[PDB]
Each structure stands twice: as structure tokens, then as C-alpha cells.
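> Just dropping in an experimental structure and the matching sequence.
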Amino acid sequence: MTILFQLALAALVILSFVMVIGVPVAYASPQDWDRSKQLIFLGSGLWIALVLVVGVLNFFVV
Amino acid sequence: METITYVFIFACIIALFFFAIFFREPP
Amino acid sequence: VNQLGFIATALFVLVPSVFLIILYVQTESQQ
Amino acid sequence: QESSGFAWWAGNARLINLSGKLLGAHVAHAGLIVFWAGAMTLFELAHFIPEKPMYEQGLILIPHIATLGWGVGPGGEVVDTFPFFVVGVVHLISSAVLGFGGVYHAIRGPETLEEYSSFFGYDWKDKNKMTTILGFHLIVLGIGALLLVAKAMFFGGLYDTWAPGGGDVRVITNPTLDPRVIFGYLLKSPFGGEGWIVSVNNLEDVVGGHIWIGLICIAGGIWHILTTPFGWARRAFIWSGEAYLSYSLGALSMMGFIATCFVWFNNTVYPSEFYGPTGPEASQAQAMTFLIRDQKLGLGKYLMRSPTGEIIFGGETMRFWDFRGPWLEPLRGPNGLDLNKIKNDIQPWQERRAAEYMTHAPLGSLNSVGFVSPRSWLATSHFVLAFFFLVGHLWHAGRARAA
Amino acid sequence: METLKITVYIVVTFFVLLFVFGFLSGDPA
Amino acid sequence: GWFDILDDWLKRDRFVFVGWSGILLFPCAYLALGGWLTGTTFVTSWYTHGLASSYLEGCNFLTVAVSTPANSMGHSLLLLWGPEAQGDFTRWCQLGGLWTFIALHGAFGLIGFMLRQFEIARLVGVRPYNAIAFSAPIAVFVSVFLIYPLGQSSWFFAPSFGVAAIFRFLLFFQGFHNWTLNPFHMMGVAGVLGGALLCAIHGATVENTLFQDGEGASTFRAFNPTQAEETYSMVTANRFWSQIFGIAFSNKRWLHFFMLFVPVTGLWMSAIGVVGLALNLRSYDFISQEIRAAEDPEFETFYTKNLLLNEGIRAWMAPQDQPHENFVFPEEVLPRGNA
Amino acid sequence: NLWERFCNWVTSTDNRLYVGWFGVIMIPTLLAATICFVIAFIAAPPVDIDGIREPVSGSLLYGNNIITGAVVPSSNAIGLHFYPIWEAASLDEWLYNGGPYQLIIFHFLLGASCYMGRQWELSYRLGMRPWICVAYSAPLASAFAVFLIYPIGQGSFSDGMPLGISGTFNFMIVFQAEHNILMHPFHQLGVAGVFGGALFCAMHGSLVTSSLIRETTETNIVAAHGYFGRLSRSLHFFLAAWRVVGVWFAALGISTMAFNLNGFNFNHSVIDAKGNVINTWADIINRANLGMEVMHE
Amino acid sequence: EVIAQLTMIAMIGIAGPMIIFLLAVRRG
Amino acid sequence: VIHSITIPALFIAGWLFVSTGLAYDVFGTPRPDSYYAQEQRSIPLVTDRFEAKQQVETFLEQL
Amino acid sequence: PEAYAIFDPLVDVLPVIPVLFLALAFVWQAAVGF
Amino acid sequence: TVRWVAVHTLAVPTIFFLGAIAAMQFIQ
Ligand code: CLA
Ligand SMILES: CCCCCCCCCCCCCCCC(=O)O[C@H](COC(=O)CCCCCCCCCCCC)CO[C@@H]1O[C@@H](CO)[C@H](O)[C@H](O)[C@@H]1O
Ligand SMILES: CC1=C(/C=C/C(C)=C/C=C/C(C)=C/C=C/C=C(C)/C=C/C=C(C)/C=C/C2=C(C)CCCC2(C)C)C(C)(C)CCC1
Ligand SMILES: CC1=C(\C=C/C(C)=C/C=C/C(C)=C/C=C/C=C(C)/C=C\C=C(C)\C=C\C2=C(C)CCCC2(C)C)C(C)(C)CCC1
Ligand SMILES: CCCCCCCCCCCCO[C@@H]1O[C@H](CO)[C@@H](O[C@H]2O[C@H](CO)[C@@H](O)[C@H](O)[C@H]2O)[C@H](O)[C@H]1O
Ligand SMILES: [Cl-]
């Protein structure tokens, strides 16, 4: 019944691209995305929310 | 006679090594 | 076992070595 | 930033003095290592048949977890694979939150940390902040070494094969802290009959050596914090800067040369219920099977004298008489293997284990055709990697002592 | 055999100690 | 008009040189390499040897071979228009005629390559020591692939142009000829091993005793036919090896004539040994050692242990490697060490 | 006062031969293994390499010549044991059990390691780079693998290479029958390295000799290389680095055959739909290996 | 194929590092 | 400079050589079902020299 | 492994990812200026 | 007439033979 892992495994496939070319590109270049956009507390601080949603299967298996 | 021929050739090889290292030809 | 096999080894040792030794002590006399 | 130099092969050598980017590279390599550990644990768990022994299935990780007493019972019987599953999935997970700063400090972070403070900063010369990171790690090396002491003594782990019947997981109630019995391993011969360090028979000795390795690594890593390098580090001992990689490249190799010999000969730290029989073990198992077979149908024909007067096996296994195993220590009498005890004391587990080790001798080729044992995969690979880490040691020590 | 044992032990300690002593001490002059 | 225009066109400057020697080299070399590729891709060995030795039969790179002809062919040339195949390309590929194709083309391609070395040296105006050093692989090819089957029964006993077929050829010469005990073979091993040893020591010490290490390294103009021999010091290398080994070169000419001399001589002496082994005139046994083995049956050296291993190689490899003889060896006549 | 006369005599590069601090260990070990090799090659009793009472007579006075003579390895009763003379009961029991082989290979392996150290030592004293040392490490690793590592993996010093011309052939034949070394790829890189090293030696020799006209020394070295060929400077690094890594590879190839991860047995690769096995060139090799393996009991 | 929704284009590593390969030379 | 007249028609020329079964007929390699005959375990080695072509085409009627 | 029989062929092609970071490095250094 | 034969005598049976070898893996 723990199909939330099946819906949340795509959430790390799309987090293995934001921390690729979402804020760092490949060098010291905040190209209008790391300056005031979704980096600090808006839309890249939910990696703590994604490790919480991957630790929420602690009682879904036990 | 068979063994001492081998030992004689080997001893002449060691004596040639001694004459080649220390009595070498000067440039 | 060869009796004349020892002569082959002595003729193989001596004959080119006598040539090289004669050639060397003959070239030190006048090069 | 290629800037200039290191034409296309020494691109890593571009971070010699970028002490902020090199850090995230070392982080991402650690994430790579923990990712390999979790992925290989998951891959070895997915193709696993619990009733079959693990040396028939080509596993080198699951034996490392089953040695620590996680999901194992008497003689190797698996009981709960969820310890293997949790030690697989925690590694992976931690490899992601360790991989996240492997792109932060190495892509998005600062290039250099020389504009920071007293700590978190270093320049290979200033050997005051270096003996600090050394001692600093030593407190982690000693904190890790002790972790196995805690697993042995307080957390119900550390499966020994030298248990009385079959071999069970056993709590080590009392380790051997004795110094003559300890460091007394280190003053042995390396040759046949007495291993140099590979000859650890007991378990109490493995925990008691980790006592002396925990209370010297921590007690020497608080030394490297408070103190400064002394006089004998410039006269005979030499200093450099980018040679420390070379220093830990040469020492690594001798550890590969020891762990090649460890996994090949030693039966205690690597128990034979998960890693398979060793070199001597399978041949002694054959020599014991071909005695107990011919006792039922059809000093004797197999039992002959050793060159120090010991009743050992004969034939071709005279070379392997120094083997000590848990299916033979009930059978070995006063002056070596006594025949009478083969008729007197012979249980129905010492037959099955010896026959299973007889049919599973180390052999095989690179395309895995024979089978090929996991003790023969770790030994050859870490011999090749030990010699390559010796070859890299002579290169990175040759091009660093020029300066 | 012990007359050849302590003789060989004396020579091996005599040479490895001379190698270690001369490698370190005595580098100038 | 006729001849000097063709001579000036051939010796002209181009991407590749194609002299008068190229007309012999490039068709023969191209057809030998192409016949090997189309033999290991498609051609079987089933009707000559009784084996599967192509990629079409499901073999890897190690187990493909353009195998030798059958033993009933003898030393026949196996021409495509010849009396055996008679124009049939299928029967020419099945009878082993691709082996004689590749062998005769490899012979004339090696002839054309050494003529190419003479032609390029006659152009550049140098002494043709490369064509004198190429006399050794030509002598090895002629003594092994041509003279050895021409002294044996037929072309069947020859190297069959594969990797594993070459390993079978080495095991055949150990088992049937005791070829490791041959002194001409030992001079061949010593020439090759001394050449590789000379190669490594010479490279190690030119790269060490360089004139400019890195500190005042004025990069001078380098020409390629000096093979970078200005860049190192002869006196420092002579001072090193007179104290390490006690013997060292003091010539840049005698050192490189020695590097020419050692493996060419080694390879020429092994050619003489294989030419002797063509007539089964091998160096199998020491006679007084056989008499001492027959005198008391508790005498054992490593040589008498090697003779039993050659007996084992012979009697166990013989029904399959020679299937035209129809060897039916029972299990009781096969040599075992527990017998 | 007297020690400095010795520390000046050893470390001086103005000698005939450079006896370094590595030479202090290199000289008595390579003299002891040489004198015991000449003694145990001329006059030595028979040695049983097995644990039975049929011994192998390898010495010259017991009916051998230069080709068939050897110093026979240690017994199967000893195995990986340390066997000096005082460990034995008598001198005859030491000589019967292959003790000279252990004595010779231990002092040889110690003296060749100090030969590598003496090469590096003089190089550093002469103001040279350290490559010679590196290149000598390839036959040194090859001699360490054939005398030490393969006995460690097989579990006995009887499986080490014998110290004779025919014993080397017996080692090679028995190794191929047990391990199939010819299809092992690390050995094939060794054959490619040794063949290419001889090739580049003859080719590099011929190309220089033909392009070198005059070269003199005042006794400012002069050379007049006849340059200009037809239609960086790393020829010698490739010349050293081809044969070296080739011999390194085959050294660690037999070091991996020590632990029985051995060769490539393409055992019945091709098949027929009638349950018939069609042989290839691998089955003939495996058919021969069964020849020599059965004769080795 | 082994799935129809769970075995998709699994070259996310050969596309994600190729993003830092092509969009870094598309970068300055 | 640029040359894209026919690269991949040669790949289908190589594919249809093997997949249709033409290379077995051109180079004389036997099919994997067609090694032995339906009754005998013998290998058809050529025993003659000037009857060898007739020996191989005598064997190929047993299939 | 357990009751995650959906992602079992993900596990069957997992562990090769790591050593393939060497293959991603030779395409990230390609077309950046070699 | 030029060194264009190097592609007409060495690349044409190479591409043909790689097509044959790539067809050879899908047998049985
Ligand atoms: C005990 C574990 C361990 C140790 C000690 C090392 C040590 C090393 N690794 Mg790491 N590695 C490990 C585990 C380890 N690795 C794991 C589990 C993985 C994931 C599969 C990697 C992936 C990895 C990559 C991708 C790279 C390294 C590299 C390096 C070298 C970096 C320093 C340098 O400049 O060397 C210079 C090195 C030499 C001068 C010669 C080294 C010769 C050794 C024998 C080669 C083996 C390297 C390493 C052990 C395995 C790399 C495999 C990788 C290509 C997939 C150093 C030899 C970097 C390197 O330079 O590779 C050559 C590099 O690019 N490693
Ligand atoms: C690369 C990393 C290698 C790691 C290896 C680690 C080794 C150190 C572990 C502890 C060893 C104990 C110290 C000796 C104790 C002892 O005394 O060893 C004695 C013989 O000496 C020895 O064994 C000396 C070993 C000599 C090695 C010769 C081979 C050299 C190969 C080339 C080297 C190239 C550099 C044997 O013990 C004695 O043996 C007999 C007397 O010799 C008696 O029976 C005694 O009662 C006692 O049993
Ligand atoms: C016999 C004959 C002839 C001839 C023909 C010819 C001359 C042909 C040619 C052919 C050819 C000319 C062919 C070619 C081929 C090629 C190939 C076959 C190649 C391959 C390649 C590959 C396979 C690759 C591989 C690799 C490597 C190297 C490494 C990396 C990976 C890879 C995979 C990429 C004629 C008809 C005239 C007449 C009759 C007889
Ligand atoms: C029994 C045992 C144990 C216990 C204990 C121990 C083991 C401890 C350790 C100890 C140790 C671990 C020791 C070590 C040592 C080391 C070393 C010692 C290294 C190095 C050194 C060096 C390298 C040196 C160098 C040098 C010289 C030689 C002189 C001068 C110069 C120089 C500095 C360079 C254990 C734990 C295992 C567990 C079980 C078994
Ligand atoms: C430091 C190195 C020290 C090495 C010590 C040995 C060096 C010198 C060895 C020379 C060999 C001489 O060895 C001697 O040879 C003769 C043969 O001529 C042997 O004689 C043997 O063969 C002859 C045939 O000639 C028979 O008649 C005789 O019955 C038999 O015993 C002697 O038994 C042996 O004592
Ligand atoms: Cl046995």
C-alpha cells in the first residue's frame, strides 16, 4: 500500500537535474537562478523535504 | 672429466669477468 | 658418453681463442 | 578552469592548491564509495538464495555483513535478510546526502578556503594545521575501530566460527587486553606454520587488539593536535607538500599485500561459512573425507608423520598440515590428528561441512568457469591493486621529491 | 647447530644495524 | 618517355611512398591481410582438421584461424585453377587453399617490404641497416611456415594462422620435438630476451642522463632520424654503469650496432633450429642420460621428468590434432603418472 | 676517527664499483647465494620434492650436465616453512629436503632488492633522475613472483621455479598443464611486451646506426648525426615503457595464477543440434593440458 | 523491455552529465 | 570533404549476406544443423588429393 | 530483494553507475575544450 | 587515381565485414 514511494521516486530523478543545472550550471555562474530565484528557501531547500519523504518509509516497512 | 669441463669453462668465464671489469681498456 | 666429445669441446674453446689471442698480442706490437 | 598546465590527463592535478574545490572532490569520491557499497549490497541481495551458501553465489559484501552477526545463526543459517536490506539502503541514502556536497563544495562553493579562519584552512607547509587534520582523523580512526568493540561487546554481534557446536553468533563478554598476548602476534615469523598477523585463531584476540588500536589511535590523535613536528622530520625523514598523497599511496599497498594474505589464509576474521574454504581448507577437507569414506568400506595409509613428529595427513596435503579449522579441532588429538579419535568423536556436522568444502575447492577462470571462490577474487584483485598502488607510489613519490 | 645459529644471527644484526646506522647518521663529511 | 616518367611518378612525394617495390608489396600484403580476414570471418576448418574456426561458426578472436590444408594434399600449391579445386571457390575454401594463398602472399609481401626498405634507404641516402635487421623475421617466416612443412609430411603440420592454433603449435613442438632443449632455440630465447632487456635499459638511461632536465631546458631543434640522440650524455651513463655493473658502452655506434646485432642473431639461430627440426633432426635426448635411466630405475632428473610430460602431450593430443592417422588409443595405453 | 674513513670509502663515487649503503647488504647476500649455488649445482645430494622416498638428483656430480642440472626446490613436507640449517636435525636431513633452494632464493631476493636500491642510490649521488630503478623493478617483480608469490598461493616452496635450465622448462610445462597460461591475457601482454621490446631494439638500433656518421670525445662530446628523413622527444620513454609494463603484466599474471584464478578455458564453445560437440582450437589445447596434467599425478 | 512504465529511458546519467557537458560550453 | 553517399547500405549488404544464408553457400561453411549426417558420428576428412572435390560433394549429399 | 519487486531491474543495473562516472567524465571534458 | 583508394580498398570490406559480424551475433 506504500505507493507513495512509487510516486516519489520520480521526485529524486527530477532532483538529480536541479542540483546539476538548477543553480550551479557547471561553475561560478548564478545565471538568474541562484541570485534571488528558487535556491535559498523557495525551491531548492526542499531537498530536506525529500530526505524526509524518503525517511517517511521507516514505518511503511516497519 | 665430464663435470670438470663444465666447471673449467665456468671458471674461465668468471676469470674473464674479473679481467673485463678491472683490466678494462682505457679510452 | 663420448670420448671424442671432450676433444670437440677443447677444439671449440682453444682454436678461436688462439686466433683472438694471436690477433691481440700481434696488434699490441705494432697495432 | 584549465587556465594553463596539466594537458588533459592531469586535470585533477589542477586542484593541488585549490583547497576548497579539492575538498568537494574528496567528498564526491566518498559518496561514490558508499554508493558502490549500497548498490552492490542491493545487487547481491536481489540474486540471493538463503538456503544455498553464499560462496556458491559469488558474494563478497553479504559475507562482510554476516561476519558481524547481522541476520545469521548456527553455522551460517540465514534468519532475517532485512539486516542486509537496511545496511544496503542506509549506505545508498547516505551516499546521496554525501553526494549533495560533492557538487556543492566542488561546483557551487568557493574555489579556495584560505580566506576562512584558523581551522578549515590549510596550505601544505604550515605543518601546524596539518598534524591537526591528521590527529583529527585519527580520532575518527580510533572512533571507528572502537565501533567494532561496541558491536562485539555491547551490540550482540561478531559471529565466530570457533563456537562449540557448528558456529553461532556470540557476544564477546571479555576481550584480551594482555600486551604480551597482543603485540606478541606482531613479533612472529611471516613464514609457514606461524602467520605474522594472519594467524589470529581466537576472537578475543581480535577485540583485544582493537582495544589497543582504539586507545593508541585516539591517544595519538590527541597528541597530533596539541603538538608540533619535531627535529627528526628534516634530517633523515624528509618533508614535501604534494607528497602526502604519495605517502598514503605507498602505505596503502602494503595493506593490500597484507589483506591479500589475510583473506587467503585466515579463517577467523573471514569465516569459511560465508567466504568458502581457503587454500589449505578444501584440500584438508578432501584428505579427511577420503579417510572417513574408506573407514566404512574397503600409522596407516593417510595419516603420516610431519617433519617435527606430528600425526598429520599424507599424500599431497602434507603442505597444508598447518591448517586449523573448527571442523577439525574436535578431531585433533595430543600429537596432531589422532586416528583413534576419528572413530571415537565424529559428529554429523563435521562430515557435511568437510564434504561441502571438498567439492568447493578454489579454482576457476576469469569467465567464471571451473566455479571460482570469493576468497580467490579478493586476493588477486587486491594483489593487482596493491602492486598498482606501489607503481603509483614510485611515480607520485618520484615527481614530488624533485621539489 | 646453535654454534651456527648465533653466528648467523650476529652477522645479520651486524649488517642490518650497520645499514640503518650508516644510512641516517653520517650523511655529510 | 617510357620508363623515366613511371620512375619519377613512383618515387614522387605523397602520403604513402609507393616505389618500384610497392607493386610487389601492396597487392600481396593487401591480399594476405584480406585473405586472413575473410578466412577468420567465414571459412571453416571442418573438412581439413575437423574443427570450427570462424566467426560464422561462433568463435571469438582467440579461437579463429585460417587453418592448414589436409594431410592428403601433401605439399601441393593448391591453386584456384589447380587440379584439386578446379575453379570452384567453395571447394578451394573448404580444402584449405586459403592457407597457401595467405602463406605465399605473406612471403612475397615480406619480399616487397624488404625491397621497400632498400628503396627508401636508396632515396634518403642512408645505409640500409633496417633491411638487414628485417632479414631475421623473413628467415623466421621461411624456416617456420615454408621449410618446416616442406620437410614434414605436408602443409598440415604448420602454424594455422590463428592465436590458439599458434598455441597448439607451441605445445606440438614441446611434445613431439622437445624444442625447449634445442640449443638453437635457447640462443633464440636469449636473443629476444636480451633485446627486450637492452630495450628497457637503453630507454631507462637515455631518459635519465638527459642534457637538459627541466631547469635551463632550452628546447633545441630536433630532427626525427637522429631518433632524439643528441639529448643525453654518454659520459654520465658510462660513469653510472661502470660503477653499477662494471661494464658499459662508450660508443653511440657500437651500442646501437649491439641493439641491431642481438635479436637478429637470436632470431637467425632459431631459424637454423627450425630448419633442422623440419627433417625431425631435433635435440630430443641425451644418450648417456637414457643409459643412466635404463641402468637404475630410481634415477630422476628434471629432464627425465620432462620426457614423460612430452610423452603425455604426444599420446593425449595425437588422436585429435592428427585425425587423418585415425588413432584409436585405449585408456590402458595412455600414459598416466599413477601407472 | 676510524668510522669516517669507512663512511668515506663506502659513499664515494670515485671507486671502480659503487658499494653504497645498499651494497653493504647486497654484497654478502649475493655472495652467499652465489657460492651456495655453485656448490649445490656441482655437488648436492638428491632431493625429494614430494613427500615420498624417490628423490630428484639435480646436481652435476650425480649424473647431470649443464642443461639438465638444477638446484631442486624444497620438499612437500616443508611447504611454506622457514628452513635454515639449524632447524634441521642433521646436515644430511637439510640437504635431502631442499634446504639449499630456500637459502639461495632468500639471499638472492634480498640481494636483488638491494641491487635496485644501489641503482637508485648511485643515481641520486650522481645527480640523476630515478628511472633505472623503476625499469629494473620489472624483472625484479618477475623474479619475486616466480620464487615467492606463486609458492605462497600454492602453499609450498616445491611449486617455485627450480634453479636449472631443464627445471625452468618443467616449471613452464607444469604451469601450463595446471593453469593454461597461454590463454591468460596478462601472459599475452608479456609476450607482446617481450616481442615488441626485441622488435623496437632491432629497429631502433638499425635506424640509429644508419643515421650516425661520426662521434668523438676530447678525452664537450660531438656527434654528427646524418639527419633528413623522407616523406616531442619521447622515443626512449616508449622504448623503456613498452617492455617494462609488458613484463610487469606477466609478473602479476603469474601472481594472480598463484591464487588459482587461471587462464581461459573455452571448453566446448561450439555445439551441434544433435547433442554433438564440435571441437575448436581450444579443445586441442585443453586436450594437451590433460596430457601433461595427468602425467604430473 | 522488462516493464512498460518502470524501465524507461534510463540514461539519466548520460543525459545529466551531458547537460553539464553541453550547457557549460553553451555557458561563457 | 564530406562523403555520405552510401555508408549504411553496406551494413545491410553485410547483414543480408549472413541472415539470408548466403555466406554458408559462398564460403562453403556448413550450417549449424548440418555438421554431421543423420546417422553417423564420423568427420568427413578429405583422404584423397585429386578426388578431394568429389569427396566433399560426395559428403554433401548425405545432408 | 524484499517486497520492492517493482524496482528489481533497477537493482539489476545499479552498481555499474559508479564506474560509469569515468565515462561521463570523458564526455564532460569532450566539447569543453579537451 | 589519388589516395582515394585507401577508402575504396580498406573501408568498403571493413563496413561490409562489420555488418556481417553484427549480423552474426543474432544466430541461434
Ligand atoms: C581503498 C579505496 C580506494 C583508494 C585508496 C583509491 C585511490 C585512488 N583513486 Mg579511487 N575509487 C574507489 C576506491 C579507491 N580509490 C572506488 C570504490 C571507486 C568507484 C568505482 C573509485 C573511483 C575513482 C575514480 C573514478 C578515480 C579514482 C582515482 C583515485 C586516485 C586519486 C589520486 C591520484 O591522483 O592518483 C593517481 C593515480 C595513479 C598515478 C595510478 C593509480 C593506479 C591504481 C592501481 C589504479 C586504481 C585506481 C582506483 C583504486 C580505482 C579506480 C577505478 C575507477 C577508474 C572506476 C587514487 C589512486 C582517480 C584516478 O586518478 O584514477 C587513476 C580517478 O579518476 N577513484
Ligand atoms: C611487504 C610487507 C611484508 C610484511 C611482512 C611482515 C613480517 C613481520 C611480521 C613479524 C615477523 C617476526 C620477526 C622474526 C621473528 C623470528 O625470529 O623469525 C624466525 C626466522 O626469522 C625470519 O623469518 C627472517 C625472515 C627473512 C626473510 C627472508 C626473505 C626475504 C625476501 C626478500 C625481501 C626483500 C626486501 C623464525 O622463528 C624461529 O625459527 C627458528 C629459528 O630460526 C626456531 O624454531 C625459533 O624457535 C623460532 O620459531
Ligand atoms: C581471399 C581472396 C580474395 C581477397 C579478398 C579480400 C582482399 C578481402 C578483403 C577483406 C577485408 C579488407 C576485410 C576487412 C575487414 C575488417 C574488419 C573485420 C575490421 C574489424 C574491426 C573491428 C571488429 C573493430 C574492433 C574494435 C577494436 C579494434 C577495439 C575497440 C573496439 C572495436 C570493436 C571498435 C580475392 C576475392 C581477391 C580472390 C580470391 C581469394
Ligand atoms: C595482533 C593483532 C592486532 C593487535 C594489535 C596491532 C595489529 C597493532 C598494530 C601495530 C602496528 C600497526 C604497527 C605498525 C607500524 C607501522 C610502521 C612502522 C609503518 C611505517 C614506518 C615507516 C614507513 C618508516 C619509514 C622510514 C624509515 C624506515 C626510517 C627513516 C625514514 C622513514 C621515515 C621513511 C590487530 C589490531 C591487528 C587485531 C588482530 C591481530
Ligand atoms: C666454492 C665452490 C666449491 C665447489 C666444489 C667442487 C668444485 C670442483 C668440482 C670438480 C668435479 C670433480 O669431481 C670428481 O669428478 C670425477 C670425474 O672426473 C668423479 O668420478 C666419477 O666419474 C668417474 C668417471 O670419470 C668414475 O670413474 C668414478 O667412478 C666416479 O666417482 C669424482 O667422483 C668427483 O670427485
Ligand atoms: Cl591431495
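It's in. Residues are numbered from 1 along each chain as shown, chains lettered A, B, ... in the order given. Ligands and ions are numbered 1, 2, ... in the order given.

> Which of the helices or strands spans residue G:28?
Element membership for residue G:28 (DSSP states H and E) is helix G:23-42.

> again with residue D:312
If you go by DSSP H and E, residue D:312 is part of strand D:311-313.

> The helix holding residue G:28 packs against which elements?
The helices and strands touching helix G:23-42, judged by 3 or more CB pairs under 8 Å, 6 or more residues apart in numbering or on different chains; DSSP states H and E, are helix B:2-22, helix E:2-24, helix G:99-126. Placement of C-beta: from N, CA and C, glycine included.

> switch to 6 Å and redo it
When contacts are defined as 3 or more CB pairs under 6 Å, 6 or more residues apart in numbering or on different chains; DSSP states H and E, helix G:23-42 packs onto helix E:2-24, helix G:99-126.

> List of residues touching the helix or strand that comes right after the strand holding residue D:312?
The C-terminal neighbour of strand D:311-313 among helices and strands, as given by DSSP H and E, is strand D:332-333. Under the contact criterion CB atoms under 6 Å, 6 or more residues apart in numbering or on different chains, strand D:332-333 has outside partners residue D:341.

> and the helix or strand immediately after strand D:332-333 in the chain, how far out from the chain's middle?
Note on strand D:332-333: by DSSP H and E, the next helix or strand toward the C-terminus is strand D:336-337. Here the centre of strand D:336-337 is set off from its chain's centre by 30 Å, with CA atoms, centre = their mean, to the nearest Å.

> just to revisit the earlier point, which strands and helices lie in contact with the strand holding residue D:312?
Where contact means 3+ CB pairs under 6 Å, 6+ apart, strand D:311-313 is packed against strand D:336-337.

> if I've got this straight, residue A:24 is in a helix?
No. Counting by DSSP: H, G, I helix; E, B strand; the rest coil, residue A:24 falls outside a helix, being coil.

> How much space separates it from chain K?
For residue A:24, the distance to chain K (CB to the nearest CB, to the nearest Å) stands at 41 Å.

> What of residue D:123?
55 Å.

> cool, and residue G:109?
Taking CB to the nearest CB, one finds residue G:109 at 48 Å from chain K.

> How many residues are close by that residue?
The tally of other residues near residue G:109 (other CB atoms under 10 Å in any protein chain shown) stands at 16.

> So the residue of chain B found nearest chain J, which state does it fall into?
Per CB to the nearest CB, residue B:27 is where chain B lies closest to chain J, at 50.1 Å. Secondary structure for residue B:27, judged by three-state DSSP, is coil.

> contacting residues for it?
When contacts are counted by CB under 6 Å, 6+ apart, residue B:27 touches residue G:219.

> residue ranges of the helices in the chain, please?
All of this refers to chain A. For chain A, applying DSSP state H gives helices covering A:4-8, A:10-13, A:18-21, A:47-55.

> Wait, chain I was what I had in mind.
Along chain I, the segments classed as helices by DSSP H run I:8-19, I:23-26, I:52-59.

> Residue G:120 contacts residue G:132, correct?
No. Using CB atoms under 6 Å, residue G:120 makes no contact with residue G:132, being 7.6 Å away.

> Those two - which one has more neighbours?
Between residue G:120 and residue G:132, residue G:132 has the larger neighbour count (other CB under 10 Å), namely 26 against 21.

> Ramachandran angles for the more buried one?
In terms of degrees, to the nearest 10, the main-chain angles of residue G:132 are phi -60, psi -40.

> mind listing what it touches?
Counted by CB under 6 Å, 6+ apart, residue G:132 has contacts F:204, F:208, G:119.

> Count the neighbours of residue F:146 for me.
Neighbours around residue F:146, by other CB under 10 Å: 17.

> now swap in the one 4 residues further on and tell me
Applying other CB under 10 Å, we find 12 other residues in the vicinity of residue F:150.

> Residues contacting the helix or strand hosting it, please?
Under the criterion of DSSP H and E, residue F:150 resides in helix F:148-151. Around helix F:148-151, the neighbours that count as contacts under CB under 6 Å, 6+ apart are F:75, F:155, F:157-158, F:274, F:278-279.

> Quickly name whichever of those residues is closest to residue G:102.
Taking CB to CB as the measure, residue G:102 lies nearest residue F:274 of the contacts of helix F:148-151, at 38.8 Å.

> Leaving out chain neighbours, which residue sits closest to that closest one?
Distances taken as CB to CB, 6 or more residues apart in numbering or on different chains place residue F:143 nearest to residue F:274, at 4.4 Å, with adjacent residues excluded.

> Repeat that for residue D:37.
Excluding the flanking residues, the one nearest residue D:37 by CB to CB, 6+ apart is residue D:91, at 4.6 Å.

> Now for the one you found, how many residues are close by?
By other CB under 10 Å, 21 other residues sit near residue D:91.

> tell me the contacts of it?
D:34, D:37-38.

> Relative to residue D:240, which of the residues you listed is nearest.
Using CB to CB, residue D:34 comes nearest to residue D:240 of those, at 30.6 Å.

> so that closest one, which of the three states?
Assigned state for residue D:34: helix (three-state reduction, three-state DSSP).

> what sits against it?
Shown in contact with residue D:34 (CB under 6 Å, 6+ apart): D:91, D:94-95.
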